[PDB]
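> Sharing a structure, written as structure tokens. Questions coming.
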Amino acid sequence: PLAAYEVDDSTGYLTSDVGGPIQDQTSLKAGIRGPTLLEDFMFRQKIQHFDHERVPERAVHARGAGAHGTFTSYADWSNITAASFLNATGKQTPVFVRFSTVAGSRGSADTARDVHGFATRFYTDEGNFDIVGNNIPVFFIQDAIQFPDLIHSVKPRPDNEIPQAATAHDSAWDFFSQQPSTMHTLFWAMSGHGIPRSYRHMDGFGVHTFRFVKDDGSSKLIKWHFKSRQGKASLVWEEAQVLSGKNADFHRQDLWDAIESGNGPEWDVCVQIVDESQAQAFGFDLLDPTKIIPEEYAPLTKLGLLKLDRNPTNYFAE
Amino acid sequence: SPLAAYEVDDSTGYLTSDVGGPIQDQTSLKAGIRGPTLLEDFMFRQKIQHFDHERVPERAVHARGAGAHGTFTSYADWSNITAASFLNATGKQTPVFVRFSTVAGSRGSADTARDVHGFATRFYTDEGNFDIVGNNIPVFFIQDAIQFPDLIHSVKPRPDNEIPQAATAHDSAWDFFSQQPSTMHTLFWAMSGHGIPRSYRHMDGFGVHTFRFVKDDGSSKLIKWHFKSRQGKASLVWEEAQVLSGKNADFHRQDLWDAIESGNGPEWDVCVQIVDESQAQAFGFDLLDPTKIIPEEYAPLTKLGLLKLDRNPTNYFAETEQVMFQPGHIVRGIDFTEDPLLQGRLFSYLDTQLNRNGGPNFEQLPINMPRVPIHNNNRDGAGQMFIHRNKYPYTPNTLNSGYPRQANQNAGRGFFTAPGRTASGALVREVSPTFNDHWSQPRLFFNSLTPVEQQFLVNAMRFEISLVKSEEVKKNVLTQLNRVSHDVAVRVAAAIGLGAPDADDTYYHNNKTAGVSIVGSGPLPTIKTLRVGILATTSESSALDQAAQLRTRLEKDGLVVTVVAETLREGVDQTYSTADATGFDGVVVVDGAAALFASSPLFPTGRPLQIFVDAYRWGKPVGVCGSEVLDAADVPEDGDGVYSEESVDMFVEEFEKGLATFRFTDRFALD
Amino acid sequence: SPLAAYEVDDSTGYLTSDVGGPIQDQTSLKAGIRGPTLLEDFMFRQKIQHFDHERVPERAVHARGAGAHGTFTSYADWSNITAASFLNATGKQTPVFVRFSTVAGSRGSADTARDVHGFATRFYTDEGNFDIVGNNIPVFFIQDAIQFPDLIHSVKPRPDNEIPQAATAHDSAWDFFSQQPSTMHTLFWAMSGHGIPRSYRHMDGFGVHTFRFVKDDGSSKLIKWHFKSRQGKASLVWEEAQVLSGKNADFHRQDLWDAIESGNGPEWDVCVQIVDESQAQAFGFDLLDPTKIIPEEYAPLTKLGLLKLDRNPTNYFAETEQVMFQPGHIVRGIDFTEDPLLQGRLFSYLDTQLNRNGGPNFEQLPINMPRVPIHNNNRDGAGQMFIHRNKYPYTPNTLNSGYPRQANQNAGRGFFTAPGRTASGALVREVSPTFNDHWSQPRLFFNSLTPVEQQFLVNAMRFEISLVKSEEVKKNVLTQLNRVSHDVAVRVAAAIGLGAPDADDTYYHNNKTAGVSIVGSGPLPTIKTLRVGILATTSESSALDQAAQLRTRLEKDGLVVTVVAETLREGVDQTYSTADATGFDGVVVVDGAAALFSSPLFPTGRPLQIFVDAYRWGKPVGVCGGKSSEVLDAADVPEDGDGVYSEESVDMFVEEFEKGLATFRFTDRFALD
Ligand code: HDD
Ligand code: HDD
Ligand code: HDD
Ligand SMILES: [Ca+2]
Ligand SMILES: [Ca+2]
Ligand SMILES: [Ca+2]
Ligand SMILES: [Ca+2]
Ligand SMILES: [Ca+2]
Ligand SMILES: [Ca+2]
């Protein structure tokens with residue numbers, strides 16, 4: 001879907017960024033054993049580019065991997081939402097999804113114990129729509145202003161930057177025990193959901209209650225749940241620890257390989273739908289992101305199919 | 001110190017904004033108790049904006065690393081060889097900051113990846129900051145700085161999928177090595193135990209390039225920097241390094257932190273080899289070529305002073321992450337050479353700090369500031385922290401009386417280029433033919449390793465090359481290895497089911513050189529800081545008693561003792577669940593714990609025995625204090641570095657000799 | 001200086017790099033004396049890299065401006081109306097920094113463009129930095145912050161060619177004003193002399209929005225800030241402003257610099273109008289609407305304290321260019337209101353400093369730092385200058401014993417939102433109907449100007465609208481002007497060859513309000529710093545003697561005297577070649593110089609032109625020495641005219657002339673419709 005921006009270098013002579021044919025293997029020098037010249041523009045443009053290749057990693061979810069795919073609607077959902085990408089049976093919309101851990105930096109291991117991200121972009125015919133979700137349906141904290149507190153406590157201690165990609169240190173458990181809202185997500189992260197077998201074997205959750213709004217202005221409250229068609233599976237902890245050393249790229253490799261072999265992963269994109277009047281009807285507040293609606297109270301409605309079937313061409317760019 | 005002036009204490013006080021207004025930061029301002037958040041909540045937005053902008057780009061290479069403060073002390077007045085002020089008096093002390101690192105991995109990757117390692121030292125001298133930006137290996141992969149992006153692209157993850165992290169074990173890296181034969185020398189070093197050092201404290205530092213020492217009289221000599229570890233040389237074994245990468249990605253940074261906190265700050269003798277300008281081509285290779293060492297048999301080391309690291313940072317980001325080294329940070333008494341790798345580095349390190357810092361005033365960060373006054377006409381730029389009084393910042397001026405004054409060889413202790421340096425010839429993009437021997441020195445290095453050390457190197461190559469998918473790349477790799485040693489090519493080929501090319505003896509020889517072997521460098525000069533795991537049990541009071549007796553003795557000898565049992569209690573440091581052989585340099589089982597080595601919901605099946613067995617396999621001293629345990633572990637009682645004594649004092653004595661030996665290499669099979 | 005700790009002295013010493021290595025910086029390192037420059041020349045590259053990176057983005061608006069340090073002194077303990085610490089005791093002093101500005105022009109545009117002006121004040125209080133980010137006009141063009149990019153795109157240069165600089169005199173601006181009638185009130189102010197103030201010292205400052213004062217007991221009142229100039233109100237005339245833009249683009253920044261250096265630092269009474277919460281809609285308009293003033297007849301000013309600027313910056317870039325104001329810099333005792341213009345500003349000023357500074361640690365620049373300790377869990381970010389000792393920067397913690405502690409109404413002197421504030425109703429993107437009268441107050445303002453002042457305003461509109469190319473836009477402008485005043489529309493239409501639409505009297509009225517007229521504000525309360533040009537000649541020793549005597553007499557009273565002659569010598573400050581009437585507030589010819597009134601030393605007719613321009617622009621003018629007819633006749637200046645002086649006696653001349661300087665402008669010299 002990004003073909004128009006692709007650059008092919010399978011043929012041709014080396015050029016500068018302004019199209020002048022050049023070389024890039026030997027510096028220009030004052031004599032064969034001489035000092036390098038400032039007028040060597042070939043050197044400086046190449047090294048300046050290299051010197052500036054890096055960008056800041058994401059503040060959270062720095063470690064992750066993505067793929068392209070397609071979403072297909074199962075129905076015309078106009079009777080619950082005006083959303084154009086949901087307005088006809090079989091309607092297809094391109095997607096890009098990125099999966100991730102939360103705490104680790106770039107280069108940390110895929111198989112750290114953590115909450116995982118599941119972020120989906122729908123490139124819809126009425127604008128990009130993102131559902132920026134996790135593999136656990138509830139969050140640690142009840143107010144966004146507390147996010148830097150949570151994240152500072154779980155990330156490495158700031159004097160020595162130890163430990164990488166782990167909640168197994170004093171500050172994280174200090175925060176958890178002082179901020180009891182954290183208990184629900186904590187129990188999830190300490191279950192097998194903290195060490196999924198693959199990105200393909202976990203679900204995605206919007207976490208928050210959102211609204212579906214009809215063209216007539218009426219609204220309903222929803223929760224997003226992307227239900228894996230591959231099943232649910234976890235690693236065991238001792239296995240995850242060994243994998244972190246033997247293959248830090250385990251989840252990104254698993255996803256890459258599944259797509260290359262024609263086994264692109266699939267999810268049913270689902271919602272729980274409830275009335276505005278039920279905001280406090282279930283024994284908790286639907287505005288509270290530490291709570292799930294039990295499925296016994298509100299069943300899942302299947303809206304469409306999410307399939308990832310194409311790997312990126314350039315990881316950095318995409 | 002700029003660092004002291006900028007320390008901020010938050011041990012008391014009410015929360016404030018960055019402009020000193022007392023505030024709260026725990027609940028958003030809302031229109032009603034269950035209402036939407038207000039745009040006028042400045043407390044929320046200042047806090048979240050800061051958080052949203054916390055990250056800066058990681059270093060383009062050496063992103064993963066850790067640092068410490070210390071001191072350098074000169075052994076003498078070195079005026080006879082250099083004008084450098086920090087070297088001008090016996091006992092002269094200069095503060096330092098050192099950062100150690102890997103090369104290829106991103107900032108959250110494992111310390112115990114196989115890689116070249118950085119060793120960058122800043123001397124905050126009384127005549128300006130002087131940086132020696134070195135590595136733990138004395139030779140570099142390439143001969144011209146313009147090739148650096150090619151090398152680094154090839155070793156970093158493949159750019160479609162960003163796989164694999166922090167590893168040369170992939171097609172692209174070996175494609176580059178096999179097409180660019182200059183890489184052979186550093187490749188052999190990286191495939192030896194030097195690619196997986198036991199700690200930052202158990203590796204040396206090298207400037208790599210030939211530099212110049214310049215006297216006040218203008219004369220110069222050629223030098224190589226070598227920082228020689230006082231802790232000894234030591235490596236991990238590969239399988240141990242792999243497990244460590246998973247069990248403790250922070251192993252080297254933790255080791256350094258802990259050594260400093262315990263008053264065991266690491267030391268190096270800062271040394272040089274010093275040779276005349278006339279010897280640039282006298283040793284059978286070109287001193288401008290960064291792929292070559294000067295064998296110590298040709299030029300001995302002169303010890304200049306002592307480097308000790310003895311203080312940890314207060315804030316990792318502010319100090320370690322933000323330190324911005326440059327070989328362009330040079331001082332009077334030192335000069336560059338025409339090494340084309342060094343020449344291009346000078347450009348890169350000034351430029352790249354713009355990417356990291358986002359603005360041009362990065363030398364104003366406390367960790368980058370000098371410890372002497374700054375007088376220049378640099379002005380403005382984002383993040384300008386100075387208020388300059390001189391309103392006429394141009395030269396020549398009369399309106400500021402000609403200040404600042406020009407400094408040079410004869411004024412103001414100026415830096416000056418060594419005045420004997422010249423250039424002659426065409427302006428060329430050509431490689432000197434004197435750089436063409438890419439294979440003799442790799443062979444010199446290989447010859448200088450012990451038999452088991454040669455096996456480990458062959459095995460590292462077998463491991464990595466077997467993961468290369470391309471048959472063509474693998475064949476090209478054997479072609480290059482064969483030019484160094486036919487035997488290496490044969491032994492590597494055997495693992496990958498290919499035939500080695502016929503011997504090509506052009507560069508073969510039997511010469512050896514001192515000081516490059518880890519295995520051959522003898523026992524460690526100190527065992528302070530080394531880690532002993534005592535495997536005990538809570539089920540026998542006798543076991544805990546035995547462990548406490550061992551601890552008392554071992555700890556007075558400077559060892560870090562961890563008592564392991566099923567559950568924590570007084571005297572027990574670690575559970576079996578969290579323990580691993582990679583956490584110890586030696587393992588002792590107290591004989592009261594024998595039953596554990598024969599199931600529990602408290603640790604994985606067979607964990608106690610696996611710790612002992614792994615430690616044995618990886619060559620560590622292992623013992624039982626107080627037959628059955630050795631039988632279960634299939635460990636021979638009469639084995640070198642296997643201890644069995646009922647007497648604690650006898651055991652401690654023998655085990656401590658084992659720790660100094662460090663690795664019992666007779667436990668590894670040889671071709 | 002309040003920023004002395006950050007000052008770097010370079011009055012002695014040898015050149016160093018930024019890391020303290022002594023170096024040189026005058027010749028590049030080359031391979032041979034006629035050879036190519038070497039890459040290893042670190043001296044060259046560090047110097048040129050710094051130079052290459054000196055610039056930062058100019059401010060998105062108010063890019064052209066100048067600042068100074070000073071002190072605020074409270075007149076009382078104001079705890080009866082506000083908890084604010086800087087206002088809590090008689091005589092309490094707080095350091096300030098003020099920046100003044102235009103709005104539309106880029107850096108390097110002229111100070112004397114016709115524009116709204118900024119007046120931004122930082123109080124470095126003992127409870128945090130408090131900024132009042134105000135303008136010299138009390139009302140704003142638009143009623144909702146989301147419209148700001150629309151307003152600013154329309155007044156800034158057309159984006160295909162970037163023309164015209166620093167001017168509303170183009171189609172897009174007048175298109176916007178005519179389509180967005182909220183603009184009328186500020187437009188009338190900008191077209192008055194308030195758009196071309198005589199100096200930053202001769203204008204007032206306004207917070208524009210209604211804010212709240214909040215007591216420690218939680219009760220609140222509604223306030224408007226008004227900084228009233230102790231120097232008086234004064235404007236340029238338009239033609240003079242145009243010439244000044246060319247002859248001295250730095251006129252206002254120079255005037256401020258010089259007033260401070262001479263010990264005439266400018267002063268303002270910092271005042272508020274104070275009204276009850278119940279009066280939000282009591283005055284015939286909504287106090288949440290930033291296009292309305294509270295007439296002083298309804299709510300008098302209370303003087304809170306004295307603002308004096310008395311110290312110039314040491315480094316303009318470091319201090320004036322880098323100062324980053326925010327209405328989010330608020331302190332306990334002050335709160336916001338639901339004015340939708342103010343509400344959106346709060347977002348903009350925090351975000352825009354990321355663009356200017358290139359990183360998130362902009363509050364660490366010396367000019368932005370507070371004068372009290374900072375305790376928080378903000379961290380890292382590019383350019384982090386602090387080394388934080390607390391290794392547990394999260395709340396709630398036990399590992400740092402629960403510090404920093406939360407501050408709020410009841411503990412730690414925390415900021416708190418006024419607790420009486422509420423919201424109710426639908427979540428809406430709708431404009432309150434209470435905001436709908438866009439025309440009554442523009443008419444109130446116009447009615448309050450004197451006849452010649454009304455003429456100047458009409459003439460400013462005639463000038464600008466005549467430059468609008470679109471006839472449809474011009475018609476639309478007349479439609480809006482006509483809703484304020486039929487007479488304004490008729491008089492403007494006359495210059496542009498269109499007919500005014502028929503009177504629409506819906507919003508017409510005859511009401512006036514005090515304190516908005518410049519022309520009617522009376523003589524200046526001080527003439528210190530005002531500029532007198534004495535036109536002399538080197539041809540006659542007597543003329544120079546006259547000029548020296550006059551200089552002595554005028555300087556005694558704090559006037560800034562410039563003696564002009566053909567060439568420089570002792571006692572002569574400026575040549576005729578560099579002299580212009582825009583450089584003076586009054587012009588005196590010494591009668592020994594009468595013959596001057598051609599040479600290779602100045603343009604033909606220059607001496608007379610200075611005198612004639614000064615007269616045309618309304619300034620006091622005169623001839624000292626007793627013989628005046630030759631000069632006055634050559635200038636076509638009547639000898640009996642108001643603000644025209646002639647005396648032999650230097651003492652008697654100066655006494656009369658000084659009354660003229662206080663009158664400042666002789667408005668009888670301007671024709672009326
Ligand atoms: C107030 C701050 C804040 C809060 C409360 C949250 N996040 Fe967030 N999140 C960020 C601030 C943030 C961020 C700093 O803005 C990031 C970093 C990179 C980015 O684009 O946004 C981010 C990244 C980020 C990503 C990575 C997207 C990617 O792959 O590029 C995911 C999946 C999430 N977050 C998911 C969540 C979920 C499911 C949350 C709770 C329901 C949540 N975040 C709360
Ligand atoms: C032409 C480019 C180039 C070349 C040929 C080299 N480097 Fe380099 N090096 C860089 C470009 C660079 C860089 C991109 O400029 C880095 C990234 C971060 C920084 O400050 O500089 C860097 C970082 C860097 C660091 C990390 C410093 C720290 O801890 O912050 C070390 C130790 C080295 N390098 C050492 C070497 C050695 C021993 C080399 C060969 C003798 C070498 N580099 C060649
Ligand atoms: C929503 C956007 C927005 C709106 C509605 C306003 N402004 Fe503003 N203002 C900015 C967005 C902004 C800004 C883009 O954020 C600037 C550019 C530089 C800066 O620091 O903030 C700015 C600068 C700025 C300055 C220059 C401060 C200095 O000297 O550095 C002054 C004096 C004002 N403004 C005054 C006002 C007044 C009196 C307004 C109406 C009552 C107003 N602004 C509305
Ligand atoms: Ca911790
Ligand atoms: Ca499980
Ligand atoms: Ca590859
Ligand atoms: Ca080894
Ligand atoms: Ca236009
Ligand atoms: Ca509050």
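Going through the structure tokens in order, the chains are called A, B, and so on, while each chain numbers its residues from 1 and the ligands are numbered from 1 in the order shown.
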Excluding range 350-366 of chain C and residues on its chain fewer than 3 positions from it, collect all residues at most 7 Å away from it, counting only C-alpha atoms, and give them as an MDAnalysis selection string.

(chainID B and resid 18:19 50 53 358:359 382:383 385) or (chainID C and resid 3 56:57 324 326 347 369 381:384)

> Could you work out which residues of chain A fall inside 8 Å of chain C? Count only C-alpha atoms, and format the result as a list in words.

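Residues passing the distance filter: residues 30, 35, 36, 37, 38, 39, 146, 148, 149, 150, 152, 153, 157, 158, 159, 171, 174, 175, 178 and 179 of chain A.
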
> Restricting the calculation to only C-alpha atoms: of C:209, C:619, C:224, C:156, which residue gets closest to residue 104 in chain C?

C:156

> Do a neighbour search on residue 293 in chain C at 9 Å with only C-alpha atoms, toss out local chain neighbours closer than 3 positions, and write the hits as a list in words.

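What passes the distance filter is residues 138, 139, 208, 224, 287, 289, 290, 296 and 441 of chain C.
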
> Could you list the protein, DNA and RNA residues that have any atom within 8 Å of ligand 3, counting only C-alpha atoms and all ligand atoms, and write them as a PDB file with C-alpha atoms, in the first residue's frame?


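Okay, part17.pdb is ready:
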```pdb
ATOM      1  CA  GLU C  58      11.466  33.390  15.924  1.00  0.00           C
ATOM      2  CA  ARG C  59       8.292  33.549  18.006  1.00  0.00           C
ATOM      3  CA  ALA C  60       5.208  32.637  15.955  1.00  0.00           C
ATOM      4  CA  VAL C  61       3.766  36.051  16.840  1.00  0.00           C
ATOM      5  CA  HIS C  62       5.434  39.040  18.562  1.00  0.00           C
ATOM      6  CA  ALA C  63       8.724  38.064  16.900  1.00  0.00           C
ATOM      7  CA  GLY C  65      10.457  43.013  20.506  1.00  0.00           C
ATOM      8  CA  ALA C  66      12.795  44.141  23.280  1.00  0.00           C
ATOM      9  CA  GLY C  67      13.065  43.607  27.016  1.00  0.00           C
ATOM     10  CA  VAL C  98       9.333  42.697  30.683  1.00  0.00           C
ATOM     11  CA  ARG C  99       9.328  42.212  26.916  1.00  0.00           C
ATOM     12  CA  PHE C 100       7.509  44.630  24.573  1.00  0.00           C
ATOM     13  CA  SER C 101       6.762  43.793  20.932  1.00  0.00           C
ATOM     14  CA  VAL C 103       2.593  41.246  16.642  1.00  0.00           C
ATOM     15  CA  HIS C 117       1.806  45.656  20.753  1.00  0.00           C
ATOM     16  CA  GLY C 118       2.759  43.107  23.348  1.00  0.00           C
ATOM     17  CA  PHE C 119       3.523  43.916  26.950  1.00  0.00           C
ATOM     18  CA  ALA C 120       4.622  40.728  28.715  1.00  0.00           C
ATOM     19  CA  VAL C 133       1.191  38.208  28.983  1.00  0.00           C
ATOM     20  CA  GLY C 134      -0.617  41.370  27.893  1.00  0.00           C
ATOM     21  CA  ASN C 135      -0.989  43.874  25.014  1.00  0.00           C
ATOM     22  CA  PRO C 138      -7.380  46.064  26.154  1.00  0.00           C
ATOM     23  CA  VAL C 139      -9.468  43.983  23.734  1.00  0.00           C
ATOM     24  CA  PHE C 140      -8.599  41.227  21.269  1.00  0.00           C
ATOM     25  CA  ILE C 142     -11.300  37.179  18.205  1.00  0.00           C
ATOM     26  CA  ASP C 144     -12.099  31.870  20.665  1.00  0.00           C
ATOM     27  CA  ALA C 145      -8.461  30.727  20.714  1.00  0.00           C
ATOM     28  CA  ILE C 146      -9.134  28.173  17.927  1.00  0.00           C
ATOM     29  CA  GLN C 147      -9.418  31.138  15.498  1.00  0.00           C
ATOM     30  CA  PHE C 148      -5.909  32.462  16.229  1.00  0.00           C
ATOM     31  CA  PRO C 149      -4.205  30.850  13.192  1.00  0.00           C
ATOM     32  CA  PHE C 206      -3.613  45.139  29.630  1.00  0.00           C
ATOM     33  CA  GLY C 207      -4.186  41.524  30.553  1.00  0.00           C
ATOM     34  CA  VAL C 208      -7.244  41.660  28.201  1.00  0.00           C
ATOM     35  CA  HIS C 209      -9.036  38.693  29.826  1.00  0.00           C
ATOM     36  CA  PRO C 290     -12.267  39.390  25.373  1.00  0.00           C
ATOM     37  CA  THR C 320      15.320  38.815  25.538  1.00  0.00           C
ATOM     38  CA  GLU C 321      15.265  36.279  22.719  1.00  0.00           C
ATOM     39  CA  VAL C 323      12.445  34.518  27.541  1.00  0.00           C
ATOM     40  CA  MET C 324       9.510  32.133  27.251  1.00  0.00           C
ATOM     41  CA  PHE C 325       6.325  33.551  28.755  1.00  0.00           C
ATOM     42  CA  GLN C 326       3.203  31.525  29.583  1.00  0.00           C
ATOM     43  CA  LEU C 341      -9.597  32.884  24.136  1.00  0.00           C
ATOM     44  CA  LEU C 342      -7.710  32.558  27.434  1.00  0.00           C
ATOM     45  CA  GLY C 344      -6.799  27.957  24.494  1.00  0.00           C
ATOM     46  CA  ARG C 345      -3.785  30.199  25.175  1.00  0.00           C
ATOM     47  CA  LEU C 346      -2.976  27.959  28.098  1.00  0.00           C
ATOM     48  CA  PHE C 347      -2.211  25.111  25.684  1.00  0.00           C
ATOM     49  CA  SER C 348      -0.320  27.156  23.079  1.00  0.00           C
ATOM     50  CA  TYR C 349       2.407  28.737  25.193  1.00  0.00           C
ATOM     51  CA  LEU C 350       3.574  25.479  26.764  1.00  0.00           C
ATOM     52  CA  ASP C 351       3.695  23.733  23.375  1.00  0.00           C
ATOM     53  CA  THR C 352       5.364  26.541  21.365  1.00  0.00           C
ATOM     54  CA  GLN C 353       8.460  26.641  23.601  1.00  0.00           C
TER      55      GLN C 353
END
```

> Using backbone DSSP assignments, extract all helix (DSSP H, G or I) residues from range 43-271 of chain A; output them as a PyMOL selection string.

chain A and resi 43-51+84-86+144-154+170-178+180-190+192-194+199-201+237-246+250-260

> Write down as a ChimeraX atom specification the residues of range 51-209 of chain A whose backbone DSSP state falls under strand (DSSP E or B).

/A:64-73,76,87,92-100,117-124,127-134,157,162,196,204-205

> Please compute the CA of residue 339 in chain B-CA of residue 200 in chain B distance, one decimal, in Å.

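Between CA of residue 339 in chain B and CA of residue 200 in chain B the gap works out to 27.2 Å.
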